[PDB]
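Asks: What follows is the file entry-v5.txt, containing compact mmCIF, C-alpha atoms and all ligand atoms:
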```txt
# COMPACT_ATOMS: atom_id res chain seq x y z
CA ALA A 1 105.46 76.92 107.07
CA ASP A 2 109.26 76.46 106.64
CA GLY A 3 112.24 78.40 105.18
CA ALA A 4 112.26 76.57 101.82
CA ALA A 5 108.74 77.84 101.02
CA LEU A 6 109.70 81.47 101.72
CA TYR A 7 112.96 81.25 99.73
CA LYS A 8 111.00 80.61 96.51
CA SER A 9 109.92 84.30 96.59
CA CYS A 10 113.38 85.45 97.78
CA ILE A 11 114.84 84.12 94.53
CA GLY A 12 113.52 87.38 93.01
CA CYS A 13 116.28 89.39 94.79
CA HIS A 14 118.87 86.70 95.74
CA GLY A 15 118.62 84.20 92.85
CA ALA A 16 118.99 80.42 93.28
CA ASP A 17 122.45 80.12 94.92
CA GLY A 18 121.79 83.37 96.84
CA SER A 19 124.20 85.58 94.82
CA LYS A 20 122.34 87.81 92.30
CA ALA A 21 122.62 91.60 92.59
CA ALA A 22 119.82 92.60 94.99
CA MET A 23 118.75 96.26 95.45
CA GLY A 24 122.26 97.31 94.34
CA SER A 25 125.56 95.88 95.62
CA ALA A 26 124.72 93.50 98.51
CA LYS A 27 126.67 90.72 100.26
CA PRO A 28 125.71 87.37 98.70
CA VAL A 29 123.68 85.05 100.96
CA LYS A 30 125.53 82.10 99.36
CA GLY A 31 126.38 80.02 102.45
CA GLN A 32 127.44 82.93 104.75
CA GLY A 33 126.57 80.52 107.54
CA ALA A 34 123.40 79.48 109.40
CA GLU A 35 124.60 81.51 112.40
CA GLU A 36 125.15 84.66 110.32
CA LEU A 37 122.04 84.17 108.20
CA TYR A 38 119.91 83.42 111.28
CA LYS A 39 121.09 86.53 113.13
CA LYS A 40 120.73 88.76 110.04
CA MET A 41 117.36 87.28 108.91
CA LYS A 42 116.15 87.52 112.54
CA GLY A 43 117.54 91.08 112.59
CA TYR A 44 115.50 91.92 109.50
CA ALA A 45 112.27 90.15 110.63
CA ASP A 46 112.48 91.81 114.08
CA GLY A 47 113.59 95.15 112.55
CA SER A 48 116.88 95.34 114.52
CA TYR A 49 118.89 95.02 111.27
CA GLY A 50 117.65 97.01 108.25
CA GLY A 51 117.88 100.25 106.23
CA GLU A 52 116.11 102.03 103.31
CA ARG A 53 116.59 99.35 100.61
CA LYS A 54 116.09 96.62 103.23
CA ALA A 55 112.47 97.79 103.85
CA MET A 56 111.01 95.45 101.18
CA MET A 57 113.05 92.49 102.46
CA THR A 58 112.12 93.43 106.07
CA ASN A 59 108.39 92.95 105.40
CA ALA A 60 109.09 89.95 103.13
CA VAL A 61 110.92 88.05 105.89
CA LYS A 62 108.55 89.47 108.59
CA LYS A 63 106.03 86.81 107.49
CA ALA A 64 108.35 84.12 108.98
CA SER A 65 107.19 83.23 112.52
CA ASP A 66 109.98 81.17 114.11
CA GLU A 67 110.25 77.71 112.52
CA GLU A 68 110.45 79.67 109.29
CA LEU A 69 113.17 82.02 110.60
CA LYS A 70 115.41 79.16 111.77
CA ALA A 71 114.75 77.02 108.70
CA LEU A 72 115.30 79.95 106.30
CA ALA A 73 118.77 80.44 107.78
CA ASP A 74 119.46 76.67 107.71
CA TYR A 75 118.28 76.44 104.07
CA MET A 76 120.25 79.54 102.97
CA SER A 77 123.30 78.11 104.80
CA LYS A 78 123.40 75.24 102.23
CA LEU A 79 122.70 77.37 99.18
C1 LIG A 101 115.54 92.67 97.37
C2 LIG A 101 114.15 93.13 96.90
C3 LIG A 101 115.59 91.69 98.52
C4 LIG A 101 114.65 90.77 98.92
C5 LIG A 101 113.23 90.57 98.47
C6 LIG A 101 115.31 89.91 99.87
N1 LIG A 101 116.54 90.43 100.23
FE1 LIG A 101 117.83 89.64 101.51
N2 LIG A 101 119.15 91.09 101.13
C7 LIG A 101 118.96 92.18 100.31
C8 LIG A 101 120.05 93.12 100.51
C9 LIG A 101 120.07 94.50 99.92
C10 LIG A 101 120.94 92.55 101.38
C11 LIG A 101 122.12 93.21 102.06
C12 LIG A 101 123.35 92.39 102.51
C13 LIG A 101 124.51 93.33 102.79
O1 LIG A 101 124.88 93.47 103.95
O2 LIG A 101 125.04 93.90 101.84
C14 LIG A 101 120.44 91.21 101.63
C15 LIG A 101 121.10 90.21 102.33
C16 LIG A 101 120.47 89.14 102.95
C17 LIG A 101 121.08 88.27 103.93
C18 LIG A 101 122.55 88.19 104.23
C19 LIG A 101 122.96 88.98 105.48
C20 LIG A 101 123.99 90.07 105.21
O3 LIG A 101 124.90 89.84 104.42
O4 LIG A 101 123.86 91.13 105.81
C21 LIG A 101 120.07 87.63 104.55
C22 LIG A 101 120.15 86.73 105.76
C23 LIG A 101 118.87 87.92 103.81
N3 LIG A 101 119.13 88.84 102.81
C24 LIG A 101 117.65 87.30 104.01
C25 LIG A 101 116.58 87.40 103.13
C26 LIG A 101 115.46 86.49 103.09
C27 LIG A 101 115.23 85.36 104.06
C28 LIG A 101 114.77 86.78 101.96
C29 LIG A 101 113.66 86.02 101.27
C30 LIG A 101 112.87 84.96 102.04
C31 LIG A 101 115.34 87.99 101.42
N4 LIG A 101 116.51 88.29 102.07
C32 LIG A 101 114.82 88.68 100.33
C33 LIG A 101 117.85 92.38 99.49
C34 LIG A 101 116.73 91.54 99.42
```
Show this structure as structure tokens.

Replies:
Amino acid sequence: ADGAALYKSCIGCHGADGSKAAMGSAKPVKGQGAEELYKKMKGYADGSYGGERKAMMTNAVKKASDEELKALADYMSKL
């Protein structure tokens, strides 16, 4: 699959232009940067980055294999 496909679900917590209030006050995804987003999204998928509220997101992003991980960051980096 590829990032774009996953994001469609992600809208639930991040909104379109990755800025809605997630599980409380959270940094907006809104073009942090592909580097940042990749490392953080990778962090979550791998389980290196996370926390209580992140648990849902962790499993959500966990579905992303590799193409997906990279592309999700790339996509989010222009959103
Ligand atoms: C709520 C139910 C969420 C779902 C589903 C998804 N994310 Fe999320 N995300 C959430 C929180 C609480 C935060 C914390 C950010 C902070 O530090 O305050 C985030 C943030 C991100 C980021 C930005 C990185 C950062 O700022 O630390 C990334 C890269 C991210 N989220 C990725 C991601 C993906 C790929 C999701 C859907 C495919 C997704 N999130 C859903 C809460 C929730």

Asks: Do you have the atom CA of residue 3 of chain A-atom CA of residue 21 of chain A distance handy?

Replies: 21.0 Å

Asks: Taking all atoms listed in the file into account, report as a PyMOL selection string which residues have an atom no farther than 9 Å from an atom of ligand LIG 101 (chain A).

Replies: chain A and resi 3-14+18+21-30+32+34+36-45+49-51+53-61+63-64+69+72-73+76

Asks: Report, in Å with one decimal, the straight-line distance from atom CA of residue 2 of chain A to atom CA of residue 79 of chain A.

Replies: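 Separating atom CA of residue 2 of chain A from atom CA of residue 79 of chain A is a distance of 15.4 Å.
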
Asks: Mind checking which residues fall within 9 Å of residue 1 of chain A, counting only C-alpha atoms, ignoring those fewer than 6 positions away in the same chain, and posting them as a PyMOL selection string?

Replies: chain A and resi 64-65+67-68

Asks: Report the distance between atom CA of residue 47 of chain A and atom CA of residue 33 of chain A in Å, rounded to one decimal place.

Replies: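 Interatomic distance here is 20.2 Å.
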
Asks: Export N, CA, C and O atoms of segment 42-72 of chain A from the structure just given, as a PDB file, in the first residue's frame?

Replies:
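Saved the output as part_32.pdb:
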```
ATOM      1  N   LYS A  42       8.008   6.317  12.196  1.00  0.00           N
ATOM      2  CA  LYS A  42       8.832   5.125  12.329  1.00  0.00           C
ATOM      3  C   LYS A  42       8.896   4.755  13.808  1.00  0.00           C
ATOM      4  O   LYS A  42       8.689   3.600  14.167  1.00  0.00           O
ATOM      5  N   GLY A  43       9.195   5.744  14.655  1.00  0.00           N
ATOM      6  CA  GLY A  43       9.279   5.618  16.096  1.00  0.00           C
ATOM      7  C   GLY A  43       8.033   4.934  16.639  1.00  0.00           C
ATOM      8  O   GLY A  43       8.134   3.972  17.399  1.00  0.00           O
ATOM      9  N   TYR A  44       6.864   5.440  16.245  1.00  0.00           N
ATOM     10  CA  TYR A  44       5.582   4.898  16.628  1.00  0.00           C
ATOM     11  C   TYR A  44       5.434   3.467  16.102  1.00  0.00           C
ATOM     12  O   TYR A  44       5.262   2.548  16.892  1.00  0.00           O
ATOM     13  N   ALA A  45       5.525   3.255  14.787  1.00  0.00           N
ATOM     14  CA  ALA A  45       5.385   1.927  14.187  1.00  0.00           C
ATOM     15  C   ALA A  45       6.288   0.882  14.851  1.00  0.00           C
ATOM     16  O   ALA A  45       5.845  -0.225  15.148  1.00  0.00           O
ATOM     17  N   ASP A  46       7.555   1.229  15.075  1.00  0.00           N
ATOM     18  CA  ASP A  46       8.531   0.359  15.716  1.00  0.00           C
ATOM     19  C   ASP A  46       8.232   0.200  17.209  1.00  0.00           C
ATOM     20  O   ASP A  46       8.462  -0.867  17.772  1.00  0.00           O
ATOM     21  N   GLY A  47       7.747   1.265  17.853  1.00  0.00           N
ATOM     22  CA  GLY A  47       7.436   1.299  19.273  1.00  0.00           C
ATOM     23  C   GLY A  47       8.556   1.957  20.080  1.00  0.00           C
ATOM     24  O   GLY A  47       8.587   1.837  21.302  1.00  0.00           O
ATOM     25  N   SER A  48       9.479   2.657  19.413  1.00  0.00           N
ATOM     26  CA  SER A  48      10.566   3.384  20.051  1.00  0.00           C
ATOM     27  C   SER A  48      10.015   4.691  20.623  1.00  0.00           C
ATOM     28  O   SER A  48      10.416   5.114  21.704  1.00  0.00           O
ATOM     29  N   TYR A  49       9.120   5.341  19.871  1.00  0.00           N
ATOM     30  CA  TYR A  49       8.436   6.559  20.281  1.00  0.00           C
ATOM     31  C   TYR A  49       7.003   6.149  20.608  1.00  0.00           C
ATOM     32  O   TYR A  49       6.422   5.357  19.874  1.00  0.00           O
ATOM     33  N   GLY A  50       6.430   6.645  21.706  1.00  0.00           N
ATOM     34  CA  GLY A  50       5.077   6.293  22.089  1.00  0.00           C
ATOM     35  C   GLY A  50       4.798   6.756  23.515  1.00  0.00           C
ATOM     36  O   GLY A  50       5.580   7.513  24.083  1.00  0.00           O
ATOM     37  N   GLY A  51       3.668   6.316  24.070  1.00  0.00           N
ATOM     38  CA  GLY A  51       3.175   6.668  25.390  1.00  0.00           C
ATOM     39  C   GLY A  51       1.708   6.245  25.454  1.00  0.00           C
ATOM     40  O   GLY A  51       1.152   5.845  24.431  1.00  0.00           O
ATOM     41  N   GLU A  52       1.079   6.354  26.628  1.00  0.00           N
ATOM     42  CA  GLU A  52      -0.297   5.930  26.879  1.00  0.00           C
ATOM     43  C   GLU A  52      -1.245   6.270  25.721  1.00  0.00           C
ATOM     44  O   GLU A  52      -1.699   5.379  25.006  1.00  0.00           O
ATOM     45  N   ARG A  53      -1.523   7.559  25.506  1.00  0.00           N
ATOM     46  CA  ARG A  53      -2.427   8.008  24.466  1.00  0.00           C
ATOM     47  C   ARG A  53      -1.970   7.605  23.062  1.00  0.00           C
ATOM     48  O   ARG A  53      -2.781   7.500  22.148  1.00  0.00           O
ATOM     49  N   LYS A  54      -0.666   7.391  22.882  1.00  0.00           N
ATOM     50  CA  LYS A  54      -0.111   7.040  21.592  1.00  0.00           C
ATOM     51  C   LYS A  54      -0.461   5.599  21.227  1.00  0.00           C
ATOM     52  O   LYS A  54      -0.404   5.259  20.054  1.00  0.00           O
ATOM     53  N   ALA A  55      -0.783   4.743  22.200  1.00  0.00           N
ATOM     54  CA  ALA A  55      -1.088   3.328  21.972  1.00  0.00           C
ATOM     55  C   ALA A  55      -1.967   3.067  20.738  1.00  0.00           C
ATOM     56  O   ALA A  55      -1.618   2.247  19.888  1.00  0.00           O
ATOM     57  N   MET A  56      -3.104   3.762  20.625  1.00  0.00           N
ATOM     58  CA  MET A  56      -4.006   3.596  19.489  1.00  0.00           C
ATOM     59  C   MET A  56      -3.259   3.877  18.181  1.00  0.00           C
ATOM     60  O   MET A  56      -3.231   3.050  17.269  1.00  0.00           O
ATOM     61  N   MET A  57      -2.640   5.056  18.109  1.00  0.00           N
ATOM     62  CA  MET A  57      -1.855   5.483  16.965  1.00  0.00           C
ATOM     63  C   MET A  57      -0.780   4.448  16.650  1.00  0.00           C
ATOM     64  O   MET A  57      -0.607   4.100  15.491  1.00  0.00           O
ATOM     65  N   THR A  58      -0.069   3.964  17.670  1.00  0.00           N
ATOM     66  CA  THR A  58       1.005   2.990  17.547  1.00  0.00           C
ATOM     67  C   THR A  58       0.513   1.819  16.699  1.00  0.00           C
ATOM     68  O   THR A  58       1.080   1.537  15.645  1.00  0.00           O
ATOM     69  N   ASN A  59      -0.576   1.166  17.120  1.00  0.00           N
ATOM     70  CA  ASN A  59      -1.099   0.046  16.346  1.00  0.00           C
ATOM     71  C   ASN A  59      -1.624   0.522  14.991  1.00  0.00           C
ATOM     72  O   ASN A  59      -1.494  -0.202  14.008  1.00  0.00           O
ATOM     73  N   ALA A  60      -2.228   1.710  14.912  1.00  0.00           N
ATOM     74  CA  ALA A  60      -2.746   2.206  13.642  1.00  0.00           C
ATOM     75  C   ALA A  60      -1.622   2.277  12.604  1.00  0.00           C
ATOM     76  O   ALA A  60      -1.740   1.715  11.517  1.00  0.00           O
ATOM     77  N   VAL A  61      -0.519   2.942  12.949  1.00  0.00           N
ATOM     78  CA  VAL A  61       0.615   3.089  12.052  1.00  0.00           C
ATOM     79  C   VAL A  61       1.372   1.770  11.885  1.00  0.00           C
ATOM     80  O   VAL A  61       1.943   1.548  10.822  1.00  0.00           O
ATOM     81  N   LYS A  62       1.371   0.889  12.895  1.00  0.00           N
ATOM     82  CA  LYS A  62       2.040  -0.412  12.847  1.00  0.00           C
ATOM     83  C   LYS A  62       1.733  -1.180  11.556  1.00  0.00           C
ATOM     84  O   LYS A  62       2.567  -1.950  11.090  1.00  0.00           O
ATOM     85  N   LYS A  63       0.534  -1.006  10.989  1.00  0.00           N
ATOM     86  CA  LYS A  63       0.134  -1.663   9.770  1.00  0.00           C
ATOM     87  C   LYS A  63       1.101  -1.344   8.612  1.00  0.00           C
ATOM     88  O   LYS A  63       1.312  -2.174   7.729  1.00  0.00           O
ATOM     89  N   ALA A  64       1.652  -0.126   8.588  1.00  0.00           N
ATOM     90  CA  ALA A  64       2.572   0.333   7.561  1.00  0.00           C
ATOM     91  C   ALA A  64       3.850  -0.507   7.568  1.00  0.00           C
ATOM     92  O   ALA A  64       4.542  -0.571   8.580  1.00  0.00           O
ATOM     93  N   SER A  65       4.182  -1.115   6.426  1.00  0.00           N
ATOM     94  CA  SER A  65       5.362  -1.966   6.312  1.00  0.00           C
ATOM     95  C   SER A  65       6.653  -1.160   6.210  1.00  0.00           C
ATOM     96  O   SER A  65       7.480  -1.175   7.117  1.00  0.00           O
ATOM     97  N   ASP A  66       6.838  -0.480   5.082  1.00  0.00           N
ATOM     98  CA  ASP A  66       8.057   0.278   4.802  1.00  0.00           C
ATOM     99  C   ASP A  66       7.787   1.355   3.758  1.00  0.00           C
ATOM    100  O   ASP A  66       8.014   2.538   4.019  1.00  0.00           O
ATOM    101  N   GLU A  67       7.261   0.946   2.597  1.00  0.00           N
ATOM    102  CA  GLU A  67       6.879   1.872   1.532  1.00  0.00           C
ATOM    103  C   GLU A  67       5.932   2.891   2.158  1.00  0.00           C
ATOM    104  O   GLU A  67       6.097   4.101   2.049  1.00  0.00           O
ATOM    105  N   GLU A  68       4.955   2.326   2.859  1.00  0.00           N
ATOM    106  CA  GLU A  68       3.925   2.975   3.616  1.00  0.00           C
ATOM    107  C   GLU A  68       4.547   3.950   4.605  1.00  0.00           C
ATOM    108  O   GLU A  68       4.177   5.115   4.591  1.00  0.00           O
ATOM    109  N   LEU A  69       5.495   3.503   5.435  1.00  0.00           N
ATOM    110  CA  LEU A  69       6.114   4.378   6.423  1.00  0.00           C
ATOM    111  C   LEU A  69       6.696   5.626   5.743  1.00  0.00           C
ATOM    112  O   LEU A  69       6.359   6.761   6.088  1.00  0.00           O
ATOM    113  N   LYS A  70       7.564   5.405   4.751  1.00  0.00           N
ATOM    114  CA  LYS A  70       8.234   6.479   4.032  1.00  0.00           C
ATOM    115  C   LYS A  70       7.215   7.418   3.387  1.00  0.00           C
ATOM    116  O   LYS A  70       7.256   8.637   3.568  1.00  0.00           O
ATOM    117  N   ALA A  71       6.287   6.836   2.635  1.00  0.00           N
ATOM    118  CA  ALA A  71       5.268   7.579   1.927  1.00  0.00           C
ATOM    119  C   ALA A  71       4.333   8.323   2.875  1.00  0.00           C
ATOM    120  O   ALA A  71       3.857   9.395   2.516  1.00  0.00           O
ATOM    121  N   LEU A  72       4.055   7.795   4.071  1.00  0.00           N
ATOM    122  CA  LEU A  72       3.167   8.452   5.005  1.00  0.00           C
ATOM    123  C   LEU A  72       3.840   9.743   5.449  1.00  0.00           C
ATOM    124  O   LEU A  72       3.218  10.802   5.438  1.00  0.00           O
TER     125      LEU A  72
END
```
